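Enquirer: Residue numbers (the UniProt record's numbering), protein chains in the order written: chain F, 8 to 381; chain P, 8 to 381; chain X, 8 to 381.
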Amino acid sequence: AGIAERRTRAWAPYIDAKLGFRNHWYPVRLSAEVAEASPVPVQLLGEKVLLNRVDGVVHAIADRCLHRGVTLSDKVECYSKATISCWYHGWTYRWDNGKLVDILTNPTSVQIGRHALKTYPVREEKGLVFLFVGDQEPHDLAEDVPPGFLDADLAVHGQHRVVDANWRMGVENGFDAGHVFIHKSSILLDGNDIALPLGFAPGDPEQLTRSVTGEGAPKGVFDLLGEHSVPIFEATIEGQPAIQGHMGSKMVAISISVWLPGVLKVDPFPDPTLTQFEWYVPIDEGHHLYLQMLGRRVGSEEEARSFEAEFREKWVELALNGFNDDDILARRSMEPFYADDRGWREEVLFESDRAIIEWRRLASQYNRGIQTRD
Amino acid sequence: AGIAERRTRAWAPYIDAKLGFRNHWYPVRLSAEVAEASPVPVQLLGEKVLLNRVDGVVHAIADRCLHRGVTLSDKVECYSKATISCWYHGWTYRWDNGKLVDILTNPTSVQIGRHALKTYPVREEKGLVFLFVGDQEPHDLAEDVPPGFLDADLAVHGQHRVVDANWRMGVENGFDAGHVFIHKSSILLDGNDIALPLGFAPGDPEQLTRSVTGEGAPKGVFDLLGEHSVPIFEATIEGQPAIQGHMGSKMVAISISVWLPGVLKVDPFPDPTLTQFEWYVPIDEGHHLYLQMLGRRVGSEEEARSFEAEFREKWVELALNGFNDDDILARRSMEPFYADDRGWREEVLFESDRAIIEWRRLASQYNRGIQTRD
Amino acid sequence: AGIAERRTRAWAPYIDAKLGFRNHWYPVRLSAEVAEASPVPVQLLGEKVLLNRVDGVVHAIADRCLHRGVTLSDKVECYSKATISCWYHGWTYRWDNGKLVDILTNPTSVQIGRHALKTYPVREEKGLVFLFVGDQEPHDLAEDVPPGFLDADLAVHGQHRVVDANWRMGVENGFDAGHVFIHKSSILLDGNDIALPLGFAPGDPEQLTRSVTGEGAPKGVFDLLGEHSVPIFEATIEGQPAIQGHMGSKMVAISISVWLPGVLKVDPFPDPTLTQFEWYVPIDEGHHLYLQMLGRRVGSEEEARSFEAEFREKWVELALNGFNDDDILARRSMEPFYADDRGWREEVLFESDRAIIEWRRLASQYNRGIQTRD
Ligand code: FES
Ligand code: FES
Ligand code: FES
Ligand SMILES: [Fe+2]
Ligand SMILES: [Fe+2]
Ligand SMILES: [Fe+2]
Ligand SMILES: [Fe+2]
Ligand SMILES: [Fe+2]
Ligand SMILES: [Fe+2]
Numbered sequence: 008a009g010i011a012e013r014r015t016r017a018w019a020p021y022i023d024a025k026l027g028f029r030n031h032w033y034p035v036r037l038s039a040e041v042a043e044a045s046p047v048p049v050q051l052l053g054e055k056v057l058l059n060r061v062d063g064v065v066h067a068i069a070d071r072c073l074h075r076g077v078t079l080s081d082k083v084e085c086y087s088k089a090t091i092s093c094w095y096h097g098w099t100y101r102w103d104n105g106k107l108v109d110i111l112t113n114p115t116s117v118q119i120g121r122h123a124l125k126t127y128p129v130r131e132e133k134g135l136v137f138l139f140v141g142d143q144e145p146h147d148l149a150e151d152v153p154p155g156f157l158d159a160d161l162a163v164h165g166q167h168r169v170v171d172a173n174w175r176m177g178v179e180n181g182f183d184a185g186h187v188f189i190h191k192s193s194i195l196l197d198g199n200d201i202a203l204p205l206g207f208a209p210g211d212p213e214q215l216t217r218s219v220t221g222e223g224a225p226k227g228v229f230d231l232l233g234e235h236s237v238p239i240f241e242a243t244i245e246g247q248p249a250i251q252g253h254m255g256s257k258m259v260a261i262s263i264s265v266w267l268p269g270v271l272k273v274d275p276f277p278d279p280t281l282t283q284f285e286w287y288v289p290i291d292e293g294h295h296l297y298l299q300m301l302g303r304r305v306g307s308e309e310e311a312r313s314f315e316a317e318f319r320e321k322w323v324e325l326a327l328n329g330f331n332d333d334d335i336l337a338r339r340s341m342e343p344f345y346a347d348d349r350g351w352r353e354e355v356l357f358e359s360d361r362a363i364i365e366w367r368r369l370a371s372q373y374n375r376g377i378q379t380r381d
Numbered sequence: 008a009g010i011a012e013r014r015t016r017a018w019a020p021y022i023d024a025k026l027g028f029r030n031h032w033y034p035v036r037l038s039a040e041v042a043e044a045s046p047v048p049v050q051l052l053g054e055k056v057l058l059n060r061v062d063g064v065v066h067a068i069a070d071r072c073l074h075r076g077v078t079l080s081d082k083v084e085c086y087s088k089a090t091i092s093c094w095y096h097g098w099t100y101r102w103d104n105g106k107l108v109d110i111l112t113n114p115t116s117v118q119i120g121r122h123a124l125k126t127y128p129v130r131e132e133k134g135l136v137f138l139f140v141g142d143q144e145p146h147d148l149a150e151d152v153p154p155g156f157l158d159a160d161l162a163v164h165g166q167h168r169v170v171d172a173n174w175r176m177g178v179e180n181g182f183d184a185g186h187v188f189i190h191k192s193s194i195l196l197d198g199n200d201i202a203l204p205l206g207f208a209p210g211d212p213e214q215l216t217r218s219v220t221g222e223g224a225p226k227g228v229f230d231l232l233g234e235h236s237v238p239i240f241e242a243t244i245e246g247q248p249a250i251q252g253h254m255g256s257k258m259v260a261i262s263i264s265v266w267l268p269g270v271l272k273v274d275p276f277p278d279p280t281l282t283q284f285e286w287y288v289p290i291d292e293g294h295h296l297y298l299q300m301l302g303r304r305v306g307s308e309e310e311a312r313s314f315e316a317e318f319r320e321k322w323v324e325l326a327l328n329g330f331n332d333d334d335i336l337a338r339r340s341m342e343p344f345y346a347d348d349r350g351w352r353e354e355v356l357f358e359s360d361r362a363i364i365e366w367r368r369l370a371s372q373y374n375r376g377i378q379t380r381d
Numbered sequence: 008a009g010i011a012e013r014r015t016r017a018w019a020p021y022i023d024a025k026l027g028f029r030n031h032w033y034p035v036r037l038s039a040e041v042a043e044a045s046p047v048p049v050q051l052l053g054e055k056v057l058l059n060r061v062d063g064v065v066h067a068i069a070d071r072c073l074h075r076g077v078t079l080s081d082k083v084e085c086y087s088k089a090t091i092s093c094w095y096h097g098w099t100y101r102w103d104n105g106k107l108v109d110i111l112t113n114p115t116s117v118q119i120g121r122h123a124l125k126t127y128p129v130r131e132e133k134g135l136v137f138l139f140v141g142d143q144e145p146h147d148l149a150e151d152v153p154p155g156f157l158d159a160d161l162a163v164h165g166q167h168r169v170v171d172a173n174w175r176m177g178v179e180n181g182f183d184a185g186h187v188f189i190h191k192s193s194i195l196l197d198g199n200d201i202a203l204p205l206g207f208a209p210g211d212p213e214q215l216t217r218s219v220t221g222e223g224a225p226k227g228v229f230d231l232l233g234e235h236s237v238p239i240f241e242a243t244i245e246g247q248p249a250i251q252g253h254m255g256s257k258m259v260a261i262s263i264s265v266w267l268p269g270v271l272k273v274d275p276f277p278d279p280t281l282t283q284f285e286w287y288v289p290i291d292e293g294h295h296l297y298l299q300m301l302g303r304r305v306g307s308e309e310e311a312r313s314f315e316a317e318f319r320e321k322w323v324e325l326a327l328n329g330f331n332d333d334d335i336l337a338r339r340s341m342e343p344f345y346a347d348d349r350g351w352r353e354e355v356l357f358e359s360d361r362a363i364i365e366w367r368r369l370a371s372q373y374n375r376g377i378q379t380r381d
């Protein structure tokens, strides 16, 4: 085999991370989806969680009763503002600390006050509810999101969908330095007079990327293919004309970078005034939550309401769907090749794949843990 | 792990009985569903059987041809009153002894008279067709049904449904001594003026149950929680009023018991003039046949026709469905927790679970065999 | 059991051939389904292939890009007559030799010209496109089809359907002499005055079959039960009248034979003026492509157009479906019994099964390889 072991050695941990990285923050829902006193069940990294907002504060608990292991969310019953009672025998837990404070069906039980559901640390920023999945004290959320995502003046809006592919197919697709070819028919092209070449003739391999590995700040890789190559706007087949790219006035996706636990930052995009952020949150081994966020620097309540309107009325359908919908096929089609780990050894990479290789190495070395099941 | 082994030790056989107990009688269909010369296929304990009534007598044979292993019931063909002929090559077997008595496609075959389909002992009582699944001589049916079920004066009617959970989830749910909380919204409460607390404050653990262990009579456990506890009608959470039970003049479920191979007896229920009997017949590892029978002592053919009409016009929708429908969620929600055996070790039981523990111990020690595949 | 090992010894390879035999020709589609410049994906023996007709010539290549392993046919894109370009990063391959001749997204890539998709030898005869699946040089197509199928004067037409069963269930069912019992109610019987018995009373087991194993020509088995038995047109059950066959004046299925890699020849059928040929091409372990071809010796372009018309207007619904639709249930019902290999040991065969046994032995000894999937 190895030949293959030597080639994949530096990313063995990544190859094993079918369920994602443990001990990191992950966004799971939009703020508006988690309303006051209205529990919402979610699943991430194979773990079933139940969310709820109490007095404006979002709380997260394991979505499973400690008694007979039923799923609490199968029939949500709350009889006090701060608690949820299991629908089977009334074991009652607090949302803030998961403690079993009462048992409606037997107030004399010696089990009362002796147990607690697992709770997940929560952070709600930029219209997203983030959960920390791990066993160690959480580090700052800033270390798990792209640089600038938490900037005070950055207005953010987004949407999410479930993709039938492992989360890694999402990140591989998202940070793939030379895949613009798949977007050559996007309505966003002439819809926003954006320039989109067919591909790139890469320069020196050592110049194509830059990695950030310091402590106290997000760790990731910058894709520098753009400034170190000759954009391809026309290509031939066996010497004959075959196809052309799409030249336009606006140059976007000037700075592309990916960060642990696996979040993309495309700047500027889909317009010189916007920045796109993407997450590929693991749900289970065969699915991921593809979260697409668009941000715009705002200086007043007025230009904020303005961006909000432009987001829903234009960008969602023109870009988030009009441009990115073609990415889903890529993820679904690569899925089977990599689902059994064979792809990591059999793939035949070329020049523009240097960036993903650097991401695989960095992710393998700096992730805070490999999520596993039982 | 060692603490788990010691705790589950007395019921390890039960943990392995995913397919039920072998060498016991099991009801599979209502008498009316097995009509004269109208073969009906069934599956119990993972075994596929074909039933038919010939001259009033119900017969049961393995639902698989000895030749090429096809399922006989895929296309039932009978060319003589006493036989069934496989639809593929005409191997012909007698219903009464499973004997290969003819081969329509080759009357001179040396195989004729040299083989026989497996046959299952049958007993038809109280409108139910019972099959003995096992290799030893059948003991009396009375030993596998609750006390009184076969009383000459008991008029019986019932219905069944397939539940998406292991049979043990059905029995655990049925004999769960303190689960009335799940039935607090049943239309039966107001519908039949039945009292229903939210739970119970159990007395001495040693007084909560009584076990009966053969020989020559059904073996099972009596749930004595009602007699040794304080009914819980008012529930609180952290000192504040949370929810309340329901008052009624009719007292039901005075006596609850479960018997091997796994049948419940609730008396009286759902009315002082009735008794409910429940079976959780294993179909395969993930499904069971939930059989609900209601019995009423009758003294004349007049009050028999009366009970029959009441059963259909009132009790089926008011109780069998109106009360027990909420039980299905419980079985389905516990299913995954116990399907991989981890639930038996990870569950956190409390006081009212003494009864189910006594059942698991009794079932483990006295079952006549563990049904397996291969 | 040692008894089972000894019994199945002579056909152990056949038992392992769940995916079919490697190094043989297999028909995959009708010529009309593979049009000029209109790529069509197919799957045989677990391998995904992409077909296309360029300048009237059919080409076949592996349906998977060498780059990231996506399925090319998920979005066919051709920018030059002789090539196909992957929809993801534009790697471009020639249909005739699978060579990676260009990479639209990076014309300077060092990978260009250093790789080639696997190609499959192709043969197009009698309105069918045959593919050779193997690693060795292809032998003559004539060695993998029934005798006379390629005769110059044989006009051929047919249809195919995917069947939910392993390919062997198709061959087993096809070359089975006692199976005519399943066809006793076929509309073809009265519809064409066909004489179809219920079964047969075979003679010496030694003259029931004849094998052909010479080199240079197809290898197979001739079913000689007909010319060596007493056909059963009426049969009794326990001495009493039970069922009758279907006498007629048109004699068909006079000569039945099966040939490697697994193709049946029934002559004449479904009419004295026709010959039926059937293929059971493995798709994957649980499905096969059931190809039904009808041939008629023709001497003029007029009777050729006449047969073509009769095929469409009469034989398709009266025989291909009217007669063979019943064979499908047989294959599906046997499927589970043999899917886990238990069937080969537990089946109880009788006299007329001598023919299938001869096929299993011949197929085991002469197949050119067992197809396997890592
Ligand atoms: S399973 Fe939740 S209170 Fe019993
Ligand atoms: S499979 Fe039943 S008679 Fe042949
Ligand atoms: S996956 Fe086909 S060119 Fe990249
Ligand atoms: Fe899915
Ligand atoms: Fe993309
Ligand atoms: Fe099911
Ligand atoms: Fe209940
Ligand atoms: Fe299928
Ligand atoms: Fe047939």
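The beta-carbon is built from N, C-alpha and C at its ideal position, and this holds for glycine as well.
Going along chain F in order, which residues have a C-beta closer than 8 angstroms to the C-beta of P:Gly141?
Expert: Chain F residues near P:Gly141: none, gap ~31 angstroms exceeds 8 angstroms.
Enquirer: Is it the case that the region 204–220 of chain X contacts the region 117–127 of chain P, given that we only count it when at least three CB pairs across the two stretches are under 8 angstroms?
Expert: Short answer: they don't touch.
Enquirer: Would the beta-carbon of X:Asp360 be found less than 7 angstroms away from any heavy atom of ligand 9?
Expert: Checking the Cβ of X:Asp360 against ligand 9 gives no.
Enquirer: I need the residues with a C-beta less than 6 angstroms from some heavy atom of ligand 2; please give them in chain order.
Expert: So the residues near ligand 2 by this Cβ test are P:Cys72, P:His74, P:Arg75, P:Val77, P:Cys93, P:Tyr95, P:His96, P:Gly97 and P:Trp98.
Enquirer: Helix, strand or coil for F:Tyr100, going by three-state DSSP, please let me know.
Expert: Note: F:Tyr100 maps to strand in three-state DSSP.
Enquirer: Assess contact between the region 282–291 of chain X and the region 172–184 of chain X, defined as three or more Cβ pairs (one per stretch) separated by less than 8 angstroms. Is contact present?
Expert: Enough Cβ pairs lie closer than 8 angstroms, so yes.
Enquirer: With 16 other CB atoms within 10 Å as the buried threshold, where does X:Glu12 fall?
Expert: It counts as exposed.
Enquirer: For ligand 6, is there a heavy atom less than 7 angstroms away from the beta-carbon of P:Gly293?
Expert: The answer is yes for P:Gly293.
Enquirer: Could you check the C-alpha separation between F:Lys133 and F:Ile119 for me, to the nearest Å?
Expert: Taking the straight line joining both Cα atoms gives about 38 angstroms.
Enquirer: Is it the case that the region 37–55 of chain X contacts the region 306–314 of chain F, given that we only count it when at least three CB pairs across the two stretches are under 8 angstroms?
Expert: These segments do not touch.
Enquirer: Under the three-state reduction of DSSP, which class applies to F:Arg130: helix, strand or coil?
Expert: Three-state result, F:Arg130: strand.
Enquirer: What are the residues of the region 315–340 of chain F that lie near chain X, defined by any Cβ-Cβ distance shorter than 7 angstroms?
Expert: Per Cβ criterion, the list reads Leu336, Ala337 and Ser340.
Enquirer: Listing by chain order, which chain P residues have their CB less than 8 angstroms from the CB of F:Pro114?
Expert: Those are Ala208, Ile239, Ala242 and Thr243, listed as they occur along chain P.
Enquirer: Is the shortest distance between the beta-carbon of X:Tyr100 and the beta-carbons of chain F less than 8 angstroms?
Expert: X:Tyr100 does not count as touching chain F.
Enquirer: Quick one: is P:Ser307 buried, meaning 16 or more other Cβ sit within 10 Å of its Cβ, or exposed?
Expert: Exposed: under 16 other Cβ atoms inside 10 Å.
Enquirer: Comparing the C-beta of F:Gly269 with each C-beta of chain X, is any distance below 8 angstroms?
Expert: With 8 angstroms as the cut-off, F:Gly269 does not count as an interface residue toward chain X.
Enquirer: Give the secondary structure of F:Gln214 by DSSP, where H, G and I count as helix, E and B as strand, and everything else as coil.
Expert: Looking at F:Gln214 - three-state DSSP - the assignment turns out to be helix.
Enquirer: Bridge partners of X:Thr243, per DSSP?
Expert: DSSP output for X:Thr243 lists X:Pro248 as bridge partner(s).
Enquirer: Considering only the alpha carbon of each residue, which of X:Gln378, X:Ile363 and X:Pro154 lies closest to X:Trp18?
Expert: The option with the nearest alpha carbon to X:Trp18 is X:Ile363.
Enquirer: Out of F:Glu241, F:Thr112, F:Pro145 and F:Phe330, which one is the CA nearest neighbour of residue 1 of chain F?
Expert: With chain F represented from 8 up to 381, any question about residue 1 of chain F goes unanswered, as that position is not in the structure.
Enquirer: Three or more beta-carbon pairs under 8 angstroms between the region 28–46 of chain P and the region 139–156 of chain P, yes or no?
Expert: In short, these stretches touch, since the Cβ pair count reaches three.
Enquirer: Between P:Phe139, P:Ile10, P:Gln299 and P:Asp360, which lies nearest to P:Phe156 when the distance is taken from Cα to Cα?
Expert: Selected option, being the one with the closest Cα: P:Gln299.
Enquirer: Any beta carbon of chain X sitting closer than 8 angstroms to that of P:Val228?
Expert: With 8 angstroms as the cut-off, P:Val228 does not count as an interface residue toward chain X.
Enquirer: Which whole-angstrom value describes the C-beta separation of P:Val136 and P:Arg36, a residue pair presumed to lie in contact below a C-beta threshold of 8 angstroms?
Expert: That pair is a contact at about 5 angstroms.
Enquirer: Show which residues of chain X have a CB atom less than 9 angstroms away from the CB atom of F:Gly155.
Expert: Ordered by position in chain X, no residue passes the 9 angstroms Cβ test against F:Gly155, which lies about 29 angstroms from the chain.
Enquirer: With respect to the alpha helix (DSSP H) encompassing F:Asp197, which residues constitute its N-terminal and C-terminal limits?
Expert: Unbroken alpha helix (DSSP H) run through F:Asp197: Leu195 to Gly198.
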